[PDB]
């Protein structure tokens, strides 16, 4: 663990909107350092061209943008989501995906499969009806009310399994429940023996822009086990993806 690297970075990070220029003592204070240790880092950064000074105040220069900015700020939603899906899937040993809404269908945009014989994973670019998927109900809960009502007016609900919700009013209710719970569990309404759970991914304004799921055979978990073992991690993954997406698009 190279302390000096950590400290030099903390010095760059101590500049912001409220703190545009800082004195040596103020940089020391902001980074939990002393004047003598802070000075060493500040003078190296000045030498490197990352910091400028007039003798009393220090501030950052545009060279700091050379550290990754022009390509990290261009990451797509799937590229932001991928490492987080990989961590989630590796933690719970189940398929995880991200999708977005396209009219009446969800479209898969990122996924991590598991290596099993019987697997429930769908390839990127596949579409599925929004009404019959956990991600779809999450995305639909994110619509403005007039758009949701329009969607539901236009929808031809098909009986896909013996458990598929069949009434427009019961469907609307399941979608509004998702709005209240922050998650959707879909129990074999798409295919018998298959379960999915999904959570919203929001833009920085709180608008739902994508959904993330875990999908699993009904035989691997009771409904109660999903809540104790999988849904907590799914929530954390959704929030991790949100936070990165916000940083990237800032």
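Residue numbers count along the first chain shown, from 1.
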Taking the mean of the C-alpha B-factors per stretch from the entry, tell me the winner out of 90 to 98 and 145 to 153. 145 to 153
Between 113 to 121 and 71 to 79, which has the larger average Cα B-factor in the PDB entry? 113 to 121
Sort 85, 139, 107, 165 by C-alpha B-factor from the entry and give me just the highest. 165
Lowest, middle or highest third - CA B-factor, residue 204: highest
Ranked against its chain, the third holding the CA B-factor of residue 135: lowest
Comparing residue 222 with the other modelled residues of its chain, is its CA B-factor in the lowest, middle or highest third? highest
Select lowest, middle or highest to describe the third in which the CA B-factor of residue 235 falls within its chain in this entry. lowest
Among the chain's modelled residues, which third holds the C-alpha B-factor of residue 61? lowest
